[PDB]
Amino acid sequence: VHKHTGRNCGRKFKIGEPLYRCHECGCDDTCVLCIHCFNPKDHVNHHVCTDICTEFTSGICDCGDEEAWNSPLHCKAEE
C-alpha cells in the first residue's frame, strides 16, 4: 500500500501519471502530490491544478514534506 506514515512520500512520477498542485496549500509551483496522496477533502474550493506528467516535467511527491505546504495535509493513502 502507498502509506508512508511518519515520513515523506517521495514517490517518483512516471510520464503520463497525474500530478496535483494547490495554489493555496503549496509553498510554490513545484510543490506537488501524487494521486495516492492527494485528498480532495483537504482542498474543497481550493484552486487545484491537476496535470499529466510529461518527459519534460519530472519529480517526486511532496506529501509528508511539511516544508512544501502551508496547511497540514491528510494523506489519502492513510484513509
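We call the rigid core whatever largest set of C-alpha positions still superposes within 1.5 Å between the two forms. Residue numbers run from 1 along the displayed sequence.
Of the two stretches examined, 69-77 and 1-9, the one with higher mean CA deviation in 8 other deposited structures of this protein after a rigid core fit is 1-9. Core superposition of the other structures onto this form places the C-alphas of 55-63 farther off in 8 other deposited structures of this protein than those of the other stretch among 55-63 and 20-28. In this crystal structure, the stretch out of 19-27 and 66-74 whose C-alpha atoms carry the higher mean B factor is 66-74. Of the two stretches examined, 6-14 and 52-60, the record assigns the greater average C-alpha temperature factor to 52-60.
Among all modelled residues in its chain, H47 ranks in the lowest third by Cα B-factor.
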